[PDB]
Amino acid sequence: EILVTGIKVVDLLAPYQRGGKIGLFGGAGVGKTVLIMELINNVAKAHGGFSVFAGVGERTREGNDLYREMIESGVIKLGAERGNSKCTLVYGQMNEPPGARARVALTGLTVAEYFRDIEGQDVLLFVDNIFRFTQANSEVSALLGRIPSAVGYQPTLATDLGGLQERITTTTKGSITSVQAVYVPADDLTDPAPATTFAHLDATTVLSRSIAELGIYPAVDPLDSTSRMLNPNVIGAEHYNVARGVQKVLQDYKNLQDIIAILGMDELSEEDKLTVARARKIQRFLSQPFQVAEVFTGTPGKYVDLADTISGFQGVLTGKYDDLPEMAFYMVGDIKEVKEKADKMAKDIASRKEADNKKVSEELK
Amino acid sequence: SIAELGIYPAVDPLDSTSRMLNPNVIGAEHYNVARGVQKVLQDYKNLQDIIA
Amino acid sequence: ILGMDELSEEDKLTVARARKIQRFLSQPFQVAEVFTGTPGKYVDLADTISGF
Amino acid sequence: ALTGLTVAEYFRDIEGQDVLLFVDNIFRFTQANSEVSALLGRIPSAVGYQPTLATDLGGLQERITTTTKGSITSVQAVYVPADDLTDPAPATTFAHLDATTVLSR
Amino acid sequence: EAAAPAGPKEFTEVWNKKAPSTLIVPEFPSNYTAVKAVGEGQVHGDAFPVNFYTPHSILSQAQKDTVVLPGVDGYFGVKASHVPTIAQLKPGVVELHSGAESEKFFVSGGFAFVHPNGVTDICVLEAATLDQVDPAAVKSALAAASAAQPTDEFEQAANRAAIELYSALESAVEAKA
Amino acid sequence: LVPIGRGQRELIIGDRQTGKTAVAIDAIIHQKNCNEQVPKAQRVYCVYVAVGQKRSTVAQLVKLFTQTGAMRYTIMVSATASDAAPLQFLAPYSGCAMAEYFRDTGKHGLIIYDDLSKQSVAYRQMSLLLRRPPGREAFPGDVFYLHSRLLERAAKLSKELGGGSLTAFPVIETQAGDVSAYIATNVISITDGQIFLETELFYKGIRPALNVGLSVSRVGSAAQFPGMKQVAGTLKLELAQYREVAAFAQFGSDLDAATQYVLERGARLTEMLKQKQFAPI
Amino acid sequence: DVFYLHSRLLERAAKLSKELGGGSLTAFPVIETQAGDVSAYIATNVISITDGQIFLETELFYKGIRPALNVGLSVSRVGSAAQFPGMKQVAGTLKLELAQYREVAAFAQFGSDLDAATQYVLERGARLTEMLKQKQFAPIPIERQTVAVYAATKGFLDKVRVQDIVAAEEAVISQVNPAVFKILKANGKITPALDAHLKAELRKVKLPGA
Amino acid sequence: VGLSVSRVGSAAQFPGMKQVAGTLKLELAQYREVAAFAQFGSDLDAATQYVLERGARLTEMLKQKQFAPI
Amino acid sequence: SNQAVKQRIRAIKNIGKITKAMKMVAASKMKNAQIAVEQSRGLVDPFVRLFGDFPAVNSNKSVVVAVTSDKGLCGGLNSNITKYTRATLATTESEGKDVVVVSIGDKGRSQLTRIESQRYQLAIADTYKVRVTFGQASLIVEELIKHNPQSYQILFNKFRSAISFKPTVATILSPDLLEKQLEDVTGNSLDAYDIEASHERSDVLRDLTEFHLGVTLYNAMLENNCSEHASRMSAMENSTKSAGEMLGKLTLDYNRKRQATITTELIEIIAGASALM
Ligand SMILES: Nc1ncnc2c1ncn2[C@@H]1O[C@H](COP(=O)(O)OP(=O)(O)OP(=O)(O)O)[C@@H](O)[C@H]1O
Ligand SMILES: Nc1ncnc2c1ncn2[C@@H]1O[C@H](COP(=O)(O)OP(=O)(O)O)[C@@H](O)[C@H]1O
Ligand SMILES: [Mg+2]
Ligand SMILES: [Mg+2]
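Definitions and limits used
- Residues numbered from 1 in each chain as written, not as in the entry; some residues may be left out.
- Chains lettered and ligands numbered in written order.
- Part of a larger assembly, values for the part shown.
- Heavy atoms only, no water.
- Residues with missing side-chain atoms left out of burial classes, pairs and counts.
- Core = buried A, V, L, I, M, F, W, Y, C linked by side-chain atoms within 4.5 Å.
- Buried < 20%, exposed > 50% of the residue type's maximum accessible area, 1.4 Å probe, protein only.
- Helix = DSSP H or I, 4+ residues; strand = E, 2+ residues; numbered from the N terminus.
- Domains from an automatic or database assignment.
- Contact = heavy atoms within 4.5 Å.
- Patch = residues over 30% accessible without salt bridge, like charges linked within 9 Å, V, L, I, M, F, W, Y side chains within 5 Å.
- Areas by Shrake-Rupley, 256 points an atom, 1.4 Å probe, with all protein chains shown as cover.
- Salt bridge = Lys/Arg side-chain N within 4 Å of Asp/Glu carboxyl O.
- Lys, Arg positive; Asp, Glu negative; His and termini not counted.
- Charge placed at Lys NZ, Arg CZ, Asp CG, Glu CD.
- Near = heavy atom within 4 Å.
- Polar contact = N/O pair within 3.5 Å; in protein donor to acceptor, adjacent residues only side chain to side chain.
- Nonpolar A, V, L, I, M, F, W, Y, C, P; charged D, E, K, R; others polar.
- Axes fitted to C-alpha atoms, helices over the stretch in contact; angles between N-to-C directions.
- Parallel < 35°, antiparallel > 145°, perpendicular 65-115°, else oblique.
- Left-handed = near helix turned anticlockwise from the far one by under 90°.
- Donors = N, O, S within 2.8 Å, 3.2 Å for Na, K, Ca; no water.
- Pairing = 2+ DSSP bridges.
- Buried area = accessible area lost by both parts, 1.4 Å probe.
- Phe/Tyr/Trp six-rings, centres within 6.5 Å; stacked < 30°, edge-to-face > 60°.
- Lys NZ or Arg CZ within 6 Å of the ring centre and 35° of its normal.
- Expected span 1.5 Å × (residues − 1).
- Arc of directions from axis to C-beta.

The PDB entry lists chain C under the name ATP synthase subunit beta, with Polytomella sp. Pringsheim 198.80 as the source organism.

If you check the PDB entry, chain B appears there as ATP synthase subunit beta from Polytomella sp. Pringsheim 198.80.

Structure representation (structure tokens):
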């Protein structure tokens with residue numbers, strides 16, 4: 001069953017499973033901590049179960065930020081009301097020696113597995129940088145006298161990670177919805193620590209660096225993120241055909257980008273210009289503001305419902321919104337708000353100045 | 001690339017080299033046809049950059 | 001592509017100024033004068049700045 | 001190249017002069033020191049240089065300096081392998097270089 | 001009789017009401033010629049401006065003192081303050097005199113306008129000087145054009161145009177100095 | 001395009017999430033549909049070896065095979081990701097031994113080794129921990145022999161030996177379409193055909209994302225349906241004419257208006273080869 | 001463990017809590033990059049450790065824009081909402097007018113067609129780029145820095161083309177009354193009392209582009 | 001010819017060949033940027049053509065048959 | 001995957017020499033067509049001072065001709081006058097008139113159908129293949145007088161310099177269908193001239209505006225052809241930069257992969273040696 005996250009590119013193209021394993025793949029600064037704090041903000045309050053945040057080898061400043069922001073959110077309650085808390089934190093952050101970072105994911109699961117097995121309920125496990133589990137075993141493995149494997153990792157990378165990931169599952173007694181950030185080293189998705197993790201996940205959300213340099217946030221690669229929930233018997237045929245149609249015009253636009261760079265858009269067929277016009281529009285429409293990114297972007301964040309996501313991208317595929325400019329789709333919630341933003345863009349191009357005086361800038365009043 | 005076009009046997013006509021391709025071995029009317037065929041196929045590959 | 005006398009007189013003023021700067025960076029060397037005939041020129045720093 | 005340093009360091013420290021030192025092909029200094037690390041059984045670094053590449057260069061290049069006695073100025077020829085400025089032998093060399101003089105055809 | 005006050009200046013103001021505001025006005029061929037017809041001047045006494053043109057060449061644009069034009073009524077001559085004229089020309093010789101020296105172009109037909117400001121604008125298609133015509137093959141095709149007249153009414157005109165062109169071309173090689 | 005005879009090993013190679021299992025699952029599901037219509041002698045008993053996968057992924061497959069009814073003919077040999085590296089190295093050979101029961105007694109088998117690339121990583125783990133000295137990408141020397149030992153057991157036997165067969169489908173994951181990798185190049189040399197699945201063809205809409213110019217069947221049309229041997233030879237050639245005329249009209253330079261006919265018909269033909277998942281025809 | 005080399009080091013740069021004294025340590029690691037490749041190993045390690053980056057582009061450094069701050073890539077999310085309140089008022093427009101300037105210069109740098117609305121952006125964008133470039137070993141106080149950007153994101157500098165904007169800045173910061181730097185320092189932000197006082201002082205400064 | 005060099009250079013050239021091969025290598029050097037534009041023969045620049053045709057006169061000159069040195 | 005990046009440097013280096021050849025192919029074709037576009041500029045001048053210039057007339061029937069290129073590496077030249085087509089084809093209709101849209105050049109039929117396909121009736125192509133001549137521009141004009149409108153509209157790019165191509169609308173009124181009807185204000189502007197024709201003034205103006213049609217058509221497809229070579233020259237300059245910027249990013253990417261595979265093969269060799277020693 002689907003997990004509605006309120007994120008447009010997630011809920012459309014790679015939708016999350018409610019008891020499944022979710023991986024956010026990232027390359028150092030592309031946005032997989034902002035995305036994982038947004039899922040804590042959107043999913044983990046309407047979930048109604050316990051959460052475990054295992055911080056494995058990430059910043060200690062971020063551990064203090066989440067801990068303090070959970071106290072003012074009432075997710076963590078201090079003092080005599082501690083039992084009304086919904087989250088427990090396990091932290092093995094990046095100042096720890098490599099033995100502590102190699103095992104702190106295991107003690108985060110043990111807290112999550114008790115709520116699944118004994119308490120019998122639904123847990124949310126958020127593991128920030130499960131790559132650091134693999135990297136900490138790789139710092140150790142040199143000194144355990146092992147012949148190193150490919151790029152320089154442990155010979156036991158797949159079974160070390162496999163033995164940990166196979167514990168993070170939904171069983172017949174309880175559920176664990178697991179969101180894990182996966183760092184990719186030197187932006188290399190063929191690196192064996194990202195490459196081994198891909199098989200362990202029901203939904204992989206791959207965040208790209210080139211998508212982030214075009215200002216699109218969340219920097220989700222729409223043609224590299226994948227769910228097993230994108231299946232017409234699971235999400236319905238109306239949802240499925242929009243996601244596959246969105247991916248089809250984004251792929252055919254990617255096939256054009258070699259010519260658009262050299263020859264320009266003047267050499268395109270006008271059948272192909274309608275592709276580039278539409279695929280530039282949905283590329284901006286996949287971005288959205290986050291309620292955790294408003295504190296540094298200024299823009300308030302928009303939770304977009306699944307029905308507003310599907311109908312909005314279906315309109316851009318059929319052609320109902322070819323009127324609007326491509327910057328009206330950028331950082332807006334749903335298709336009601338691109339029309340709200342296109343009206344503002346048109347209005348501004350007319351009214352820009354004539355603020356000389358008789359405002360509050362009088363030198364005596 | 002010769003096999004993907006359907007030419008079978010997919011012999012690269014330029015990359016195939018023999019030591020019997022001297023004029024004092026196979027005669028001049030076999031050597032010049034072979035060196036003539038390879039010249040027309042090499043020129044076409046230098047034009048196929050600009051045809052495509 | 002276009003022509004020498006095509007472009008503006010100021011863009012020709014640079015071309016006349018650059019070509020006599022590009023020439024003026026040359027210098028005859030004192031160690032090369034045993035096979036070139038032209039005597040060598042040690043050029044001082046203030047004479048280089050004020051000359052340019 | 002250290003025998004060339006030592007002759008130029010006498011003129012700097014005893015004669016008190018402004019010495020020129022020409023290290024003809026500083027890349028072949030790197031290349032020779034990379035061979036003696038490979039023959040001494042050391043594990044080669046990135047692209048294949050010695051692990052001590054920045055201290056094999058920096059040991060030589062830091063004796064070329066200005067002291068209170070005199071100076072050594074080094075005009076050293078630079079080869080760029082595979083026309084790759086990001087190769088670790090020119091990239092480590094260019095951290096020391098205070099000027100480049102490019103001679104062109 | 002004045003239903004449409006048109007012009008280049010009027011087209012700018014109305015086109016800003018129907019086109020997008022991004023586009024600036026298209027240019028017009030009035031923006032590339034500085035010489036007009038009713039604009040007073042441009043005679044300067046003796047020598048008047050003669051614009052003798054072809055589609056493929058500008059054969060003259062400096063001033064002359066008289067132009068012998070081969071009109072369809074007959075050869076007329078233009079002096080400086082000539083009457084305004086729209087003259088359809090026969091195949092004949094345009095004579096451009098500057099003074100003692102004169103250059104003689106044989107043209108194929110095509111109009112010649114004398115504008116009210118004294119500007120002559122000869123407008124022909126093929127304007128060969130007689131130096132590059134040979135007098136041999138002119139009657140070699142004229143004798144053929146004097147023979148081949150079928151009942152084709154389109155070739156009724158095209159042979160008539162063939163005959164009158166060479167016949168004026170016969171008579172205008174004979175009297176050369 | 002790439003038809004498969006009985007006793008032929010065929011590689012399903014492609015990147016991640018390109019539909020390699022879906023080609024393999026549809027071969028298993030279709031055998032159930034065919035086993036209800038044929039006599040008892042020519043029925044295909046599938047074995048699916050799942051090496052290094054999730055246990056949830058395997059429980060989703062036995063749920064699909066029970067719901068379709070394909071589980072009556074299927075053995076599911078499961079060496080998941082938490083199993084020991086010698087259990088995942090050895091699971092292709094144990095599944096092939098179960099599948100060779102049907103080959104050796106006159107019946108027909110179908111073995112699917114989903115990620116032989118994950119068997120080689122588990123075999124690299126034991127080799128490097130038994131201190132065998134590593135080779136390319138730290139693999140052992142005998143990793144060609146690891147897969148040629150296994151895939152040469154897929155045979156079509158003589159009528160003296162029963163006439164049984166075993167058809168193998170190794171699955172190999174590439175990294176970025178990099179078929180030049182060490183384990184991928186070993187298995188392309190071992191298997192007869194190859195079904196190359198592409199990522200950009202997958203998102204263009206063409207799924208099953210079969211690269212028709214890179215996909216071979218070395219058995220060829222000797223072991224295909226005679227009702228399609230005469231029909232798909234037209235389809236193989238018209239798609240071959242479709243490819244180069246789509247490379248030039250990608251630019252938009254000029255039109256011949258006779259190469260536009262082969263660009264129109266092959267676009268129907270590319271659209272013809274599309275198929276929904278879990279519904280074999 | 002070359003990640004742990006740097007991560008265990010830069011983690012010591014912290015702001016301590018008040019029971020530990022309230023002290024702080026702020027770090028500036030420097031990473032040299034080969035040919036602008038930010039996706040190298042050690043570069044991406046320290047990006048995963050530190051809180052922001054200051055990217056210094058080689059191409060902006062060759063154009064004389066010094067400090068060659070790659071504005072589209074340089075981040076500080078922990079330091080934002082910890083900055084000068086007066087600068088936070090005027091730099092929201094500065095980051096935005098530079099955000100449009102990169103976006104409009106992405107469309108058409110060569111003269112296909114120039115809108116009057118986009119040549120306002122290239123006129124204001126080149127105004128603010130020359131505003132931000134400063135010379136070495138002379139750091140500016142934050143109150144002289146707020147006023148100079150107040151004089152640029154608003155009007156007060158559109159007369160000067162692009163060239164004398166460096167000379168217009170000391171024309172601004174020396175000719176305004178030096179009391180206006182004292183109220184902006186001591187309040188921290190631009191009060192509406194100081195707002196139109198500073199509009200008044202910026203109309204009686206004499207600009208070198210005339 | 002662009003990649004084949006000789007650091008000894010023309011100090012060990014046959015004189016007489018040094019007179020005429022010094023301008024051979026120049027006319028071939030100008031030809032090398034003008035080469036691979038020779039598929040534009042219908043489209044021509046007529047000074048680019050002179051280095052283009054003479055450049056092909058000289059590469060056809062330097063061909064040889066083996067085991068017969070000159 | 002170190003040969004896929006090496007074969008892309010094969011592509012972009014051949015493109016960056018194709019597009020620099022087409023830059024100077026179009027540059028030499030711009031200069032020998034400038035010696036034909038300046039000679040042809042003379043003959044359009046007497047007909048615009050005899051008949052004037054009247055773009056916005058309320059014609060009953062119009063033929064609008066947007067003359068474009070045949071080959072299409074022009075760089076948005078054939079689209080800017082298709083854009084300037086409807087900018088004048090919506091402007092001059094104040095009464096609901098007939099309009100026949102014509103295109104000269106093979107890149108015009110593919111773009112005028114996108115706006116007006118119900119008024120598009122003629123397609124002239126293959127014009128610039130050998131050269132542009134007046135007899136050819138006469139035959140194009142005689143096919144335009146089979147339809148007889150009251151006005152003609154010619155839309156083309158005026159080759160001003162190698163940089164600027166300001167488009168032109170050149171208008172020709174039918175001989176007394178509107179032409180004398182626009183001069184006759186408090187008399188006539190045409191009655192100053194003494195007609196020396198064989199037949200009537202209304203008959204010589206029939207001869208004179210077909211000749212005015214064929215002249216400004218011959219200039220249009222000669223101004224446009226020289227404007228096409230000068231926009232292909234600016235287009236093929238912008239693509240050699242784009243194929244040099246792409247080649248520079250590929251060579252940085254290739255050198256990074258070249259350094260990385262030398263490190264990778266060496267770590268494989270030392271690991272195999274340390275397992276034996
Ligand atoms: N023919 C098809 N039509 C529609 N959807 C398909 C088809 N094949 C696969 N898919 C969808 O694509 C996704 C990827 O398919 P699949 O799991 O078969 O890929 P894979 O090669 O097995 O990947 P991996 O083993 O790396 O996870 C699946 O979720 C499936 O639902
Ligand atoms: N959704 C987003 N909206 C706006 N900015 C973002 C978003 N995601 C990332 N960023 C920017 O990119 C940076 C990436 O930070 P973070 O998410 O911590 O990266 P990492 O993936 O390395 O953990 C953030 O500091 C922020 O500036
Ligand atoms: Mg993070
Ligand atoms: Mg699979």
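So much for the structure itself; the text now carries on.
The next thing to look at is the nonpolar core. Residues and elements named next belong to chain A. Counting residues in each nonpolar core, the largest one holds 69 residues, and the members touching the most others are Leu-24, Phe-126 and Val-246. By residue number, the principal contributor to this core is helix α10 (residues 237-254), which donates 7 residues. Viewed by domain, this core spans two of them, domain 1 (1-228) and domain 2 (230-354), each represented by three or more residues. Setting aside residues no more than four positions away along its own chain, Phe-126 makes contact with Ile-36, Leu-39, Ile-40, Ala-44, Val-52, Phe-53, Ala-54 and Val-179.

Residue and element names in this part refer to chain I. Residues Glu-142, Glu-200, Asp-203, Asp-207 and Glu-210 make up a contiguous surface patch of negative charge. Counting residues per element, the negative patch draws most heavily on helix α8 (residues 201-274), which supplies 3 residues. Note that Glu-142 resides in helix α6 (residues 134-144). Given the relative accessible area of 42%, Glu-142 is considered partly exposed.

The full set close to ligand 2 counts 15 residues, and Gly-29, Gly-31, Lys-32 and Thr-33 of chain A together with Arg-77 of chain G are the nearest of them. Around ligand 2, the nearby residues trace back to chains A and G. The separation between an oxygen atom of ligand 2 and a polar main-chain atom of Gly-29 of chain A is 2.8 Å. Contacts to ligand 2 include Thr-33 of chain A, whose side-chain N or O atom sits 2.3 Å from an oxygen atom. About the coverage of ligand 2: the protein hides 88% of its 560 Å² of free accessible area. When contributions to the shell around ligand 2 are tallied by element, the ones reaching two or more residues are α2 (32-42) and α13 (294-297) of chain A. If you tally residues by element for the shell around ligand 2, the top one is α2 of chain A, at 3 residues. By residue class, the composition of the shell around ligand 2 is 8 nonpolar, 4 polar and 3 charged. Both domains that meet at the shell around ligand 2, namely domain 1 (1-228) and domain 2 (230-354) of chain A, each give it at least three residues.

Right, let's talk about the packing of helix α4 (residues 85-107) of chain G against helix α5 (residues 118-132) of chain G for a bit. Two quantities define a packed helix pair, namely the angle between the axes and the distance from one axis to the other. All names here are of chain G. Packing of α4 against α5 brings their axes to within 9 Å, and their N-to-C directions diverge by 120°. When the axis of α4 is compared with that of α5, the two are oblique. Every pair of crossing elements has a handedness; the one defined by α4 and α5 is left-handed. Residue-level contacts link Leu-94, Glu-97, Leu-98, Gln-100, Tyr-101 and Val-104 of α4 to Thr-118, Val-121, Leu-122, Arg-124, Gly-125, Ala-126, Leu-128, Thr-129 and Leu-132 of α5. Grouping the amino acids of the contact of α4 with α5 by side-chain chemistry returns 9 nonpolar, 4 polar and 2 charged.

Residues and elements named next belong to chain A. Looking at the metal site, the magnesium ion (ligand 3) is ligated by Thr-33 (OG1) and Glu-58 (OE), spaced 2.1 to 2.4 Å from it. Of this pair, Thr-33 sits in helix α2 while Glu-58 sits in the loop between β4 (50-56) and α3 (60-71); the two residues are 25 residues apart in sequence, bridging distant segments of the chain. Taken as a pair, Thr-33 and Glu-58 share a single burial class, namely buried.

Turning our eyes to something else, we now look at the packing of helix α6 (residues 142-153) of chain G against helix α8 (residues 180-187) of chain G. All names here are of chain G. The contact between α6 and α8 brings their axes to 9 Å, and the two run at 110°. If you check the angle between α6 and α8, you find them roughly perpendicular. The residues of α8 that touch α6, namely those facing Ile-142, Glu-143, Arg-144, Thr-146 and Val-147, are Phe-181, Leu-184 and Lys-185. In terms of residue class, the contact of α6 with α8 is made up of 4 nonpolar, 1 polar and 3 charged.

To continue, consider the sheet that holds strand β6 (residues 193-197) of chain F. Residue and element names in this part refer to chain F. Strand order in this open sheet of 6 strands is β3-β2-β4-β5-β1-β6, and the pairing throughout is parallel. Looking at the sheet topology across the chains shown, the edges are occupied by β3 (74-79) and β6. The sheet shows a mean angle of 15° between the axes of neighbouring strands, taken without regard to direction. As defined by bridge partners, strand β2 (residues 44-51) adjoins strand β4 (residues 108-114) across 7 bridges and the pair is classed as parallel. In the strand pairing of β4, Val-49 is matched with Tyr-113. Helix α1 (residues 20-35) contacts β1 (10-14), β2, β3, β4, β5 (165-173) and β6 of the sheet and is inclined by roughly 155° relative to β2. The sheet strands contacting helix α2 (residues 55-68) are β2 and β3, and the helix crosses β3 at an angle near 175°.

The next subject is the pattern of salt bridges. Residue and element names in this part refer to chain G. Within this structure, the stated rule accounts for 67 salt bridges over all chains. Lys-63 is the salt-bridge partner of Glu-59, the closest N and O atoms lying 3.0 Å from each other. The class for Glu-59 is partly exposed, based on a relative accessible area of 44%. Classification of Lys-63 as exposed rests on a relative accessible area of 51%.

By contact count, the leading pair among the 13 pairs of chains in contact is chains E and I. For the non-touching pair chain C and chain F, the nearest C-alpha separation works out to 25 Å. With no contact between them, chain D and chain F keep their nearest C-alpha atoms 17 Å apart.

Before going further, it helps to spend a moment on the interface of chain E and chain I. In this complex, chain E contributes 52 residues to the contact, which on the side of chain I involves 50 residues. Buried surface at the junction of chain E and chain I, both sides included, amounts to about 4300 Å², of which 66% is carbon and sulfur. Summed over the three residues of chain E that lose the most area to chain I, namely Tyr-32, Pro-55 and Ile-86 of chain E, the buried surface amounts to 16% of that side. At the junction of chain E with chain I, the criterion picks out 15 residue pairs in polar contact. Mapped onto the side of chain E that touches chain I, the elements with two or more residues apiece are α1 (8-18), β1 (48-53), β6 (85-87), β9 (112-114) and β10 (120-123) of chain E. The leading source of residues in the side of chain E that touches chain I is α1 of chain E, at 6 residues. The residue makeup of the side of chain E that touches chain I, split by class, is 33 nonpolar, 12 polar and 7 charged.

Overall, the coordinates contain 25 aromatic pairs over all chains when judged by the stated rule. Seen from their ring centres, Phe-134 of chain I and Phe-211 of chain I are 6.2 Å apart, and the 80° between their planes marks the pair as edge-to-face. Within this pair, whereas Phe-134 of chain I is found in helix α6, its partner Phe-211 of chain I is found in helix α8, the two being separated by 77 residues in sequence. Exposure remark for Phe-134 of chain I: the relative accessible area of 11% places this residue in the buried category. Put simply, the rings of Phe-111 and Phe-113 of chain E together with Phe-47, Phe-134, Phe-211 and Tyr-218 of chain I pair up and form one aromatic cluster. Looking at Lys-158 of chain I, its charged tip hangs above the ring of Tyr-32 of chain E, at a distance of 4.9 Å from the centre.

For the rest of this paragraph, the subject is the site of ligand 1. Around ligand 1, the structure places 17 residues, and the nearest of them are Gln-17, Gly-19, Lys-20, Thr-21 and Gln-277 of chain F. Lying at an intersection of chains, ligand 1 is approached by residues of chains A and F. Here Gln-17 of chain F contributes a side-chain N or O atom positioned 2.3 Å from an oxygen atom of ligand 1. Within the side chain of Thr-21 of chain F, one N or O atom sits 2.3 Å away from an oxygen atom of ligand 1.

Turning our eyes to something else, we now look at a positive patch on the surface. Residues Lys-45 of chain B together with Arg-10, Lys-13 and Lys-17 of chain I make up a contiguous surface patch of positive charge. Looking at the positive patch element by element, the count peaks at 3 residues for helix α1 (residues 4-31) of chain I.

It is worth spelling out the side chain of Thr-54 of chain E at this point. The topology assignment puts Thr-54 of chain E in the loop between β1 and β2 (58-60). Within polar-contact distance, the side chain of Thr-54 of chain E engages the backbone oxygen of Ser-57 of chain E at 2.7 Å. Those residues in contact with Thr-54 of chain E, other than ones at most four positions away along the chain, are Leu-59, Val-124, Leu-125 and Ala-127 of chain E together with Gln-39 and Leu-43 of chain I.

The subject of this paragraph is α2 of chain F. All names here are of chain F. If you check α2, its first and last C-alpha atoms are 20 Å apart, about what 14 residues at 1.5 Å a residue would give, namely 20 Å. Listed in full, the buried residues belonging to α2 are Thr-57, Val-58, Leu-61, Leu-64, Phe-65 and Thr-68. Across the axial projection of α2, the buried residues extend over an arc of 120°, all falling on one side. In α2, those exposed residues whose orientation departs by more than 90 degrees from the buried face are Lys-63, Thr-66 and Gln-67.

The next subject is the pairing of strand β1 (residues 18-21) of chain D. All names here are of chain D. The alternating pattern of β1 places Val-19 and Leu-21 on a buried face, while none of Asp-18 and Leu-20, on the opposite face, is buried. Inspection of the sheet shows β1 paired to strand β2 (residues 71-74) by 4 bridges, in the parallel sense. For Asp-18, the partnering residue across the bridge sits in β2 and is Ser-71.

Our next topic: the environment of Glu-294 of chain A. With respect to the element layout, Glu-294 of chain A can be found in helix α13. Polar side-chain contacts of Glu-294 of chain A include one of 3.4 Å to the backbone nitrogen of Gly-301 of chain A.

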